[PDB]
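Source file coords-v7.pdb; content: PDB, N, CA and C atoms and all ligand atoms.
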ATOM      1  N   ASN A   3      18.434 -31.177  10.211
ATOM      2  CA  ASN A   3      17.296 -30.572  10.950
ATOM      3  C   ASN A   3      17.864 -29.581  11.964
ATOM      4  N   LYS A   4      17.902 -29.903  13.264
ATOM      5  CA  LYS A   4      18.197 -28.908  14.299
ATOM      6  C   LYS A   4      19.512 -29.095  15.048
ATOM      7  N   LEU A   5      20.082 -27.961  15.447
ATOM      8  CA  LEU A   5      21.324 -27.892  16.206
ATOM      9  C   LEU A   5      21.002 -27.330  17.563
ATOM     10  N   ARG A   6      21.361 -28.034  18.638
ATOM     11  CA  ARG A   6      21.254 -27.475  19.991
ATOM     12  C   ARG A   6      22.383 -26.469  20.288
ATOM     13  N   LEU A   7      22.032 -25.288  20.793
ATOM     14  CA  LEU A   7      23.024 -24.254  21.133
ATOM     15  C   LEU A   7      23.363 -24.218  22.621
ATOM     16  N   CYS A   8      22.336 -24.246  23.468
ATOM     17  CA  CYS A   8      22.497 -24.071  24.900
ATOM     18  C   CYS A   8      21.142 -24.249  25.516
ATOM     19  N   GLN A   9      21.102 -24.480  26.824
ATOM     20  CA  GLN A   9      19.835 -24.618  27.512
ATOM     21  C   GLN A   9      19.177 -23.243  27.636
ATOM     22  N   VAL A  10      17.866 -23.209  27.456
ATOM     23  CA  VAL A  10      17.073 -21.985  27.634
ATOM     24  C   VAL A  10      17.341 -21.358  29.027
ATOM     25  N   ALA A  11      17.365 -22.212  30.049
ATOM     26  CA  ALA A  11      17.669 -21.769  31.443
ATOM     27  C   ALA A  11      18.977 -20.964  31.603
ATOM     28  N   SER A  12      19.952 -21.187  30.718
ATOM     29  CA  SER A  12      21.255 -20.500  30.756
ATOM     30  C   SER A  12      21.223 -19.058  30.274
ATOM     31  N   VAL A  13      20.148 -18.668  29.594
ATOM     32  CA  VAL A  13      20.090 -17.360  28.958
ATOM     33  C   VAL A  13      19.194 -16.411  29.744
ATOM     34  N   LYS A  14      19.814 -15.540  30.543
ATOM     35  CA  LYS A  14      19.123 -14.485  31.295
ATOM     36  C   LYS A  14      19.000 -13.189  30.485
ATOM     37  N   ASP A  15      17.866 -12.492  30.650
ATOM     38  CA  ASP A  15      17.635 -11.164  30.035
ATOM     39  C   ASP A  15      18.735 -10.277  30.527
ATOM     40  N   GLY A  16      19.451  -9.671  29.589
ATOM     41  CA  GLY A  16      20.501  -8.733  29.903
ATOM     42  C   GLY A  16      21.873  -9.348  29.872
ATOM     43  N   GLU A  17      21.965 -10.683  29.762
ATOM     44  CA  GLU A  17      23.255 -11.389  29.809
ATOM     45  C   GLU A  17      23.348 -12.429  28.676
ATOM     46  N   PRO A  18      23.630 -11.969  27.442
ATOM     47  CA  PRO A  18      23.723 -12.922  26.341
ATOM     48  C   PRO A  18      24.859 -13.932  26.465
ATOM     49  N   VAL A  19      24.665 -15.052  25.766
ATOM     50  CA  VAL A  19      25.456 -16.249  25.919
ATOM     51  C   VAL A  19      26.131 -16.526  24.589
ATOM     52  N   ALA A  20      27.459 -16.640  24.632
ATOM     53  CA  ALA A  20      28.261 -17.025  23.487
ATOM     54  C   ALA A  20      28.234 -18.515  23.318
ATOM     55  N   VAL A  21      27.882 -18.966  22.132
ATOM     56  CA  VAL A  21      27.824 -20.378  21.832
ATOM     57  C   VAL A  21      28.690 -20.609  20.638
ATOM     58  N   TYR A  22      29.593 -21.581  20.695
ATOM     59  CA  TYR A  22      30.459 -21.893  19.577
ATOM     60  C   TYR A  22      30.154 -23.291  19.136
ATOM     61  N   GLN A  23      29.328 -23.410  18.107
ATOM     62  CA  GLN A  23      28.845 -24.692  17.657
ATOM     63  C   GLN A  23      29.686 -24.996  16.416
ATOM     64  N   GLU A  24      30.162 -26.236  16.316
ATOM     65  CA  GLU A  24      31.166 -26.575  15.333
ATOM     66  C   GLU A  24      30.739 -26.353  13.871
ATOM     67  N   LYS A  25      29.463 -26.426  13.560
ATOM     68  CA  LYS A  25      29.073 -26.170  12.166
ATOM     69  C   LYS A  25      29.054 -24.656  11.744
ATOM     70  N   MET A  26      29.119 -23.754  12.714
ATOM     71  CA  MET A  26      28.641 -22.409  12.545
ATOM     72  C   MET A  26      29.664 -21.324  12.859
ATOM     73  N   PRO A  27      29.417 -20.111  12.337
ATOM     74  CA  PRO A  27      30.121 -18.958  12.852
ATOM     75  C   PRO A  27      29.798 -18.761  14.315
ATOM     76  N   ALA A  28      30.660 -18.098  15.059
ATOM     77  CA  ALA A  28      30.358 -17.822  16.458
ATOM     78  C   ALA A  28      28.930 -17.278  16.532
ATOM     79  N   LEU A  29      28.160 -17.733  17.533
ATOM     80  CA  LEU A  29      26.744 -17.377  17.712
ATOM     81  C   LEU A  29      26.520 -16.715  19.056
ATOM     82  N   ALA A  30      25.520 -15.841  19.115
ATOM     83  CA  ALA A  30      25.154 -15.106  20.297
ATOM     84  C   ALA A  30      23.719 -15.467  20.561
ATOM     85  N   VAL A  31      23.422 -15.832  21.802
ATOM     86  CA  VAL A  31      22.059 -16.138  22.225
ATOM     87  C   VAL A  31      21.581 -15.120  23.280
ATOM     88  N   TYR A  32      20.376 -14.574  23.058
ATOM     89  CA  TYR A  32      19.804 -13.536  23.875
ATOM     90  C   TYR A  32      18.422 -13.894  24.387
ATOM     91  N   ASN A  33      18.097 -13.316  25.542
ATOM     92  CA  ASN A  33      16.774 -13.334  26.109
ATOM     93  C   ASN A  33      16.349 -11.863  26.209
ATOM     94  N   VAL A  34      15.337 -11.496  25.423
ATOM     95  CA  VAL A  34      14.708 -10.192  25.445
ATOM     96  C   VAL A  34      13.313 -10.360  26.075
ATOM     97  N   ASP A  35      13.162  -9.868  27.294
ATOM     98  CA  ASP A  35      11.887  -9.931  28.023
ATOM     99  C   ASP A  35      11.254 -11.328  28.062
ATOM    100  N   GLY A  36      12.078 -12.353  28.192
ATOM    101  CA  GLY A  36      11.589 -13.702  28.321
ATOM    102  C   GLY A  36      11.494 -14.496  27.040
ATOM    103  N   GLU A  37      11.872 -13.912  25.905
ATOM    104  CA  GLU A  37      11.888 -14.631  24.599
ATOM    105  C   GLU A  37      13.328 -14.664  24.072
ATOM    106  N   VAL A  38      13.675 -15.724  23.337
ATOM    107  CA  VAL A  38      15.033 -16.012  22.877
ATOM    108  C   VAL A  38      15.259 -15.672  21.374
ATOM    109  N   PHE A  39      16.418 -15.081  21.084
ATOM    110  CA  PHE A  39      16.847 -14.693  19.754
ATOM    111  C   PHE A  39      18.280 -15.157  19.618
ATOM    112  N   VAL A  40      18.685 -15.431  18.378
ATOM    113  CA  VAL A  40      20.025 -15.909  18.042
ATOM    114  C   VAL A  40      20.539 -15.090  16.832
ATOM    115  N   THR A  41      21.737 -14.529  17.002
ATOM    116  CA  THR A  41      22.464 -13.801  15.961
ATOM    117  C   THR A  41      23.888 -14.349  15.836
ATOM    118  N   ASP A  42      24.560 -14.103  14.715
ATOM    119  CA  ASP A  42      26.019 -14.156  14.717
ATOM    120  C   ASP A  42      26.615 -13.308  15.864
ATOM    121  N   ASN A  43      27.716 -13.764  16.432
ATOM    122  CA  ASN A  43      28.370 -13.036  17.530
ATOM    123  C   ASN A  43      29.407 -11.992  17.036
ATOM    124  N   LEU A  44      30.095 -12.278  15.928
ATOM    125  CA  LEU A  44      31.085 -11.353  15.405
ATOM    126  C   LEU A  44      30.369 -10.089  14.865
ATOM    127  N   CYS A  45      30.650  -8.942  15.490
ATOM    128  CA  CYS A  45      30.259  -7.642  14.958
ATOM    129  C   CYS A  45      30.623  -7.565  13.469
ATOM    130  N   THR A  46      29.754  -6.931  12.681
ATOM    131  CA  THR A  46      29.961  -6.825  11.227
ATOM    132  C   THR A  46      30.907  -5.677  10.926
ATOM    133  N   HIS A  47      31.194  -4.854  11.932
ATOM    134  CA  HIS A  47      32.075  -3.727  11.751
ATOM    135  C   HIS A  47      33.535  -4.019  12.104
ATOM    136  N   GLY A  48      33.761  -4.946  13.016
ATOM    137  CA  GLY A  48      35.120  -5.317  13.344
ATOM    138  C   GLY A  48      35.244  -6.582  14.156
ATOM    139  N   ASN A  49      36.404  -6.756  14.780
ATOM    140  CA  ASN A  49      36.711  -7.973  15.507
ATOM    141  C   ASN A  49      36.353  -7.772  16.989
ATOM    142  N   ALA A  50      35.049  -7.827  17.286
ATOM    143  CA  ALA A  50      34.511  -7.840  18.631
ATOM    144  C   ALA A  50      33.352  -8.820  18.627
ATOM    145  N   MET A  51      33.059  -9.382  19.792
ATOM    146  CA  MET A  51      31.897 -10.263  19.977
ATOM    147  C   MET A  51      30.783  -9.507  20.652
ATOM    148  N   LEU A  52      29.584  -9.605  20.086
ATOM    149  CA  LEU A  52      28.444  -8.904  20.636
ATOM    150  C   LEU A  52      28.068  -9.362  22.057
ATOM    151  N   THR A  53      28.329 -10.625  22.393
ATOM    152  CA  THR A  53      28.043 -11.142  23.749
ATOM    153  C   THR A  53      28.937 -10.468  24.810
ATOM    154  N   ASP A  54      30.046  -9.842  24.390
ATOM    155  CA  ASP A  54      30.886  -8.994  25.270
ATOM    156  C   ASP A  54      30.433  -7.519  25.349
ATOM    157  N   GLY A  55      29.370  -7.163  24.653
ATOM    158  CA  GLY A  55      28.825  -5.805  24.753
ATOM    159  C   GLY A  55      27.693  -5.756  25.734
ATOM    160  N   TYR A  56      26.710  -4.920  25.415
ATOM    161  CA  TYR A  56      25.745  -4.425  26.385
ATOM    162  C   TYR A  56      24.357  -4.525  25.793
ATOM    163  N   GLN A  57      23.534  -5.366  26.409
ATOM    164  CA  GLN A  57      22.173  -5.543  25.988
ATOM    165  C   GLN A  57      21.309  -4.532  26.678
ATOM    166  N   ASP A  58      20.519  -3.830  25.887
ATOM    167  CA  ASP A  58      19.555  -2.896  26.448
ATOM    168  C   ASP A  58      18.215  -3.214  25.790
ATOM    169  N   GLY A  59      17.539  -4.208  26.338
ATOM    170  CA  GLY A  59      16.263  -4.646  25.804
ATOM    171  C   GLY A  59      16.507  -5.386  24.498
ATOM    172  N   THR A  60      15.959  -4.866  23.391
ATOM    173  CA  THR A  60      16.162  -5.468  22.061
ATOM    174  C   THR A  60      17.420  -4.948  21.379
ATOM    175  N   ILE A  61      18.180  -4.062  22.011
ATOM    176  CA  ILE A  61      19.395  -3.568  21.384
ATOM    177  C   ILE A  61      20.603  -4.291  22.001
ATOM    178  N   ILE A  62      21.514  -4.774  21.161
ATOM    179  CA  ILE A  62      22.835  -5.171  21.651
ATOM    180  C   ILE A  62      23.844  -4.140  21.150
ATOM    181  N   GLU A  63      24.627  -3.584  22.073
ATOM    182  CA  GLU A  63      25.689  -2.654  21.706
ATOM    183  C   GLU A  63      27.057  -3.358  21.683
ATOM    184  N   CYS A  64      27.810  -3.126  20.615
ATOM    185  CA  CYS A  64      29.124  -3.687  20.465
ATOM    186  C   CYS A  64      30.064  -3.117  21.538
ATOM    187  N   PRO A  65      31.026  -3.945  22.036
ATOM    188  CA  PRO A  65      32.029  -3.419  22.951
ATOM    189  C   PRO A  65      32.966  -2.325  22.398
ATOM    190  N   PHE A  66      33.009  -2.161  21.079
ATOM    191  CA  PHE A  66      33.758  -1.074  20.419
ATOM    192  C   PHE A  66      32.804  -0.065  19.763
ATOM    193  N   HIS A  67      33.258   1.183  19.733
ATOM    194  CA  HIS A  67      32.842   2.251  18.768
ATOM    195  C   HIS A  67      31.430   2.828  18.973
ATOM    196  N   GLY A  68      30.660   2.218  19.870
ATOM    197  CA  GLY A  68      29.291   2.619  20.090
ATOM    198  C   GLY A  68      28.300   2.010  19.115
ATOM    199  N   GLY A  69      28.742   1.034  18.334
ATOM    200  CA  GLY A  69      27.905   0.413  17.345
ATOM    201  C   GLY A  69      26.822  -0.396  18.023
ATOM    202  N   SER A  70      25.710  -0.615  17.335
ATOM    203  CA  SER A  70      24.628  -1.420  17.872
ATOM    204  C   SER A  70      23.807  -2.067  16.770
ATOM    205  N   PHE A  71      23.134  -3.156  17.156
ATOM    206  CA  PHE A  71      22.166  -3.886  16.358
ATOM    207  C   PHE A  71      20.875  -4.137  17.096
ATOM    208  N   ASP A  72      19.822  -4.334  16.317
ATOM    209  CA  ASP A  72      18.541  -4.813  16.846
ATOM    210  C   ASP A  72      18.603  -6.349  16.932
ATOM    211  N   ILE A  73      18.559  -6.879  18.154
ATOM    212  CA  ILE A  73      18.681  -8.328  18.387
ATOM    213  C   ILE A  73      17.641  -9.141  17.614
ATOM    214  N   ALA A  74      16.421  -8.634  17.612
ATOM    215  CA  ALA A  74      15.234  -9.321  17.083
ATOM    216  C   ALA A  74      15.154  -9.252  15.565
ATOM    217  N   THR A  75      15.705  -8.197  14.960
ATOM    218  CA  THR A  75      15.566  -7.977  13.532
ATOM    219  C   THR A  75      16.868  -8.136  12.738
ATOM    220  N   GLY A  76      18.019  -7.985  13.408
ATOM    221  CA  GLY A  76      19.318  -7.984  12.739
ATOM    222  C   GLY A  76      19.767  -6.608  12.294
ATOM    223  N   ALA A  77      18.859  -5.636  12.273
ATOM    224  CA  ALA A  77      19.167  -4.288  11.762
ATOM    225  C   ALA A  77      20.415  -3.681  12.394
ATOM    226  N   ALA A  78      21.282  -3.089  11.576
ATOM    227  CA  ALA A  78      22.371  -2.271  12.102
ATOM    228  C   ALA A  78      21.768  -0.933  12.503
ATOM    229  N   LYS A  79      21.969  -0.528  13.752
ATOM    230  CA  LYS A  79      21.284   0.635  14.264
ATOM    231  C   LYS A  79      22.263   1.780  14.482
ATOM    232  N   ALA A  80      23.025   1.774  15.574
ATOM    233  CA  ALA A  80      23.964   2.852  15.854
ATOM    234  C   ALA A  80      25.217   2.713  15.003
ATOM    235  N   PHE A  81      25.576   3.808  14.355
ATOM    236  CA  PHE A  81      26.851   3.936  13.650
ATOM    237  C   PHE A  81      27.984   3.582  14.627
ATOM    238  N   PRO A  82      29.053   2.910  14.160
ATOM    239  CA  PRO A  82      29.431   2.571  12.793
ATOM    240  C   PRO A  82      28.894   1.288  12.192
ATOM    241  N   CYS A  83      28.019   0.581  12.903
ATOM    242  CA  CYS A  83      27.369  -0.597  12.331
ATOM    243  C   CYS A  83      26.454  -0.208  11.190
ATOM    244  N   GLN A  84      26.672  -0.855  10.039
ATOM    245  CA  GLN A  84      25.882  -0.622   8.827
ATOM    246  C   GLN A  84      25.390  -1.896   8.151
ATOM    247  N   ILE A  85      26.167  -2.974   8.254
ATOM    248  CA  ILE A  85      25.831  -4.271   7.640
ATOM    249  C   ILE A  85      24.999  -5.049   8.665
ATOM    250  N   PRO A  86      23.771  -5.439   8.322
ATOM    251  CA  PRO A  86      22.963  -6.161   9.325
ATOM    252  C   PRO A  86      23.644  -7.440   9.837
ATOM    253  N   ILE A  87      23.445  -7.736  11.119
ATOM    254  CA  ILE A  87      23.911  -8.966  11.755
ATOM    255  C   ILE A  87      22.996 -10.086  11.224
ATOM    256  N   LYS A  88      23.569 -11.253  10.985
ATOM    257  CA  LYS A  88      22.780 -12.425  10.635
ATOM    258  C   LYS A  88      21.998 -12.880  11.857
ATOM    259  N   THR A  89      20.704 -13.125  11.645
ATOM    260  CA  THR A  89      19.799 -13.720  12.622
ATOM    261  C   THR A  89      19.409 -15.142  12.189
ATOM    262  N   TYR A  90      18.921 -15.921  13.144
ATOM    263  CA  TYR A  90      18.511 -17.297  12.928
ATOM    264  C   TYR A  90      17.148 -17.508  13.579
ATOM    265  N   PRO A  91      16.233 -18.185  12.891
ATOM    266  CA  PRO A  91      14.977 -18.638  13.456
ATOM    267  C   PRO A  91      15.241 -19.703  14.508
ATOM    268  N   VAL A  92      14.606 -19.520  15.671
ATOM    269  CA  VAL A  92      14.832 -20.273  16.891
ATOM    270  C   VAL A  92      13.603 -21.192  17.164
ATOM    271  N   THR A  93      13.915 -22.429  17.522
ATOM    272  CA  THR A  93      12.977 -23.375  18.099
ATOM    273  C   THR A  93      13.521 -23.780  19.489
ATOM    274  N   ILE A  94      12.648 -24.042  20.456
ATOM    275  CA  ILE A  94      13.015 -24.685  21.740
ATOM    276  C   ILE A  94      12.596 -26.139  21.686
ATOM    277  N   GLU A  95      13.587 -27.001  21.881
ATOM    278  CA  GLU A  95      13.417 -28.429  21.807
ATOM    279  C   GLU A  95      13.879 -28.970  23.123
ATOM    280  N   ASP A  96      12.941 -29.392  23.958
ATOM    281  CA  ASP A  96      13.225 -30.085  25.185
ATOM    282  C   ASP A  96      14.149 -29.292  26.084
ATOM    283  N   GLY A  97      13.813 -28.028  26.270
ATOM    284  CA  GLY A  97      14.635 -27.118  27.075
ATOM    285  C   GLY A  97      15.872 -26.565  26.437
ATOM    286  N   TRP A  98      16.175 -26.950  25.199
ATOM    287  CA  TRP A  98      17.310 -26.379  24.450
ATOM    288  C   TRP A  98      16.939 -25.289  23.441
ATOM    289  N   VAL A  99      17.747 -24.241  23.404
ATOM    290  CA  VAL A  99      17.749 -23.268  22.315
ATOM    291  C   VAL A  99      18.343 -23.912  21.068
ATOM    292  N   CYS A 100      17.522 -24.039  20.011
ATOM    293  CA  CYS A 100      17.978 -24.595  18.755
ATOM    294  C   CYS A 100      17.761 -23.669  17.581
ATOM    295  N   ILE A 101      18.587 -23.892  16.557
ATOM    296  CA  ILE A 101      18.452 -23.300  15.229
ATOM    297  C   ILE A 101      18.552 -24.440  14.195
ATOM    298  N   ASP A 102      18.150 -24.164  12.974
ATOM    299  CA  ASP A 102      18.190 -25.155  11.924
ATOM    300  C   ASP A 102      19.622 -25.283  11.487
ATOM    301  N   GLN A 103      20.033 -26.490  11.130
ATOM    302  CA  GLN A 103      21.303 -26.683  10.415
ATOM    303  C   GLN A 103      21.148 -25.966   9.047
ATOM    304  N   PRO A 104      22.019 -25.006   8.714
ATOM    305  CA  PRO A 104      21.759 -24.253   7.478
ATOM    306  C   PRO A 104      22.638 -24.728   6.321
TER
HETATM  307  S1  LIG B 201      33.636  -3.578  15.916
HETATM  308 FE1  LIG B 201      31.473  -3.504  16.523
HETATM  309  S2  LIG B 201      30.945  -1.398  16.063
HETATM  310 FE2  LIG B 201      33.046  -1.486  15.485
END
Do you think you could lay out the structure here as structure tokens?
Ligand code: FES
Amino acid sequence: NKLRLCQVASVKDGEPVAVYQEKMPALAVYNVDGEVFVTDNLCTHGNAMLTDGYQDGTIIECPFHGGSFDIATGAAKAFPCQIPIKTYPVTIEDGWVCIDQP
């Protein structure tokens, strides 16, 4: 069923949270205008973590190359990002950010 990632309270808009859950690839947790989204953290273009880049609303920019993704959709937006980031459907369970065990 569900995997707890981090407390909802820990995720501020503009400051994504790296979560390393033992079943999963590195994960990134975001708050966009008060709502939570979860993506893979490893950039699809290289060896950088998206939680070390720059959130601008629904856009997360990679710390390298100027690449970017849409947090909410997974879309690769700014070049050189081309392969969409994996996203996960999010549930809040008792104050925790959760995703399904996949
Ligand atoms: S490693 Fe993220 S855009 Fe190149």
Give, as JSON, the centre coordinates and the x, y and z edge lengths in Å to one decimal for an axis-aligned box around all listed atoms of ligand LIG 201 (chain B), padded by 6 Å on each side.
{"center_x": 32.3, "center_y": -2.5, "center_z": 16.0, "size_x": 14.7, "size_y": 14.2, "size_z": 13.0}
Q: Please give the complete set of residues from chain A that DSSP, run on the backbone, assigns to strand (DSSP E), formatted as an MDAnalysis selection string.
A: chainID A and resid 4:9 19:21 29:34 37:42 56:58 61:63 70:72 89:90 92:95 98:102
Q) Written as a PyMOL selection string, what is the full residue list that the PyMOL selection byres (((not hetatm)) within 8 of (chain B and resi 201)) yields on the file shown? A) chain A and resi 44-52+63-70+80-84
Q) Do you have the atom CA of residue A:100-atom CA of residue A:42 distance handy? A) 13.8 Å
Q | Matched chain/residue IDs from the PyMOL selection byres (((chain A and resi 85-93 and name CA) around 9) and not hetatm and name CA), as a VMD selection string | A | chain A and resid 4 38 to 47 71 to 79 83 to 84 94 to 95 98 to 102
Q) Near residue A:17, counting all atoms listed in the file, which residues have an atom at most 6.5 Å away, once you skip same-chain residues fewer than 3 positions from it, shown as a list in words? A)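 Here the qualifying residues turn out to be residues 13, 14, 31, 32, 33 and 57 of chain A.
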(Q) Which residue is closest to residue A:30? Choose from A:16, A:53, A:6, A:59 and count all atoms listed in the file. (A) A:53
